[PDB]
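As structure tokens, one chain now follows by itself in the form deposited in one PDB entry.
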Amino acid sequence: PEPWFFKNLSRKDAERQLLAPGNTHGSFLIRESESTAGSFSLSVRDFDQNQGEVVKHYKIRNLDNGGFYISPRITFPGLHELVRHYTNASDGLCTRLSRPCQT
């Protein structure tokens, strides 16, 4: 039910995908960790200097009550709330989440 969720994607694949045409900085995705079902990671397209398109990755960590967080400073009931929060504020992220990875 979410356009930015991929799951059966690898770190290297998140980038092959994210760095590909149709994506811009702010482009992002959340995926299922292959060795830890139920734990997730957020990957986002970022562009830096004397370099350019760079894909940044953040571990979404699981709470003991269900829930997630990248930064202990704020938690979210679900991935949905995490994505709503980050699109509306970078809040420690290389940048604000813009559109989902183009498939």
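The first residue of the shown sequence is 1; numbering continues from there. Under this definition, the rigid core comprises the largest set of C-alpha atoms superposing within 1.5 Å between the forms.
If you average the Cα B factors in the entry, which is higher, 54 to 62 or 41 to 49?
Stretch with the higher mean C-alpha B-factor: 41 to 49.
If you average the Cα B factors in the entry, which is higher, 17 to 25 or 81 to 89?
It is 17 to 25 that shows the higher mean C-alpha B-factor.
Below, we refer to the form deposited with a partner chain bound, which is not included among the displayed structures.
Do heavy atoms from each of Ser35, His57 and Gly92 fall within 4.5 Å of its partner chain in the bound PDB entry?
The answer is yes; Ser35, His57 and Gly92 each reach its partner chain.
Give a yes/no on whether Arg84 approaches its partner chain to within 4.5 Å in the bound PDB entry, heavy atoms considered.
Judged by the heavy-atom cut-off of 4.5 Å, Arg84 is well away from its partner chain in the bound PDB entry.
Would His80 count as touching its partner chain in the bound PDB entry under a 4.5 Å heavy atom rule?
Looking in the bound PDB entry, residue contacts with its partner chain do not include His80, since no heavy atom lies within 4.5 Å.
Aligning on the core only, does the CA of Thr36 end up 2 angstroms or more away between this form and the one not shown?
Comparing forms between this form and the one not shown, the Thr36 CA shifts at least 2 Å.
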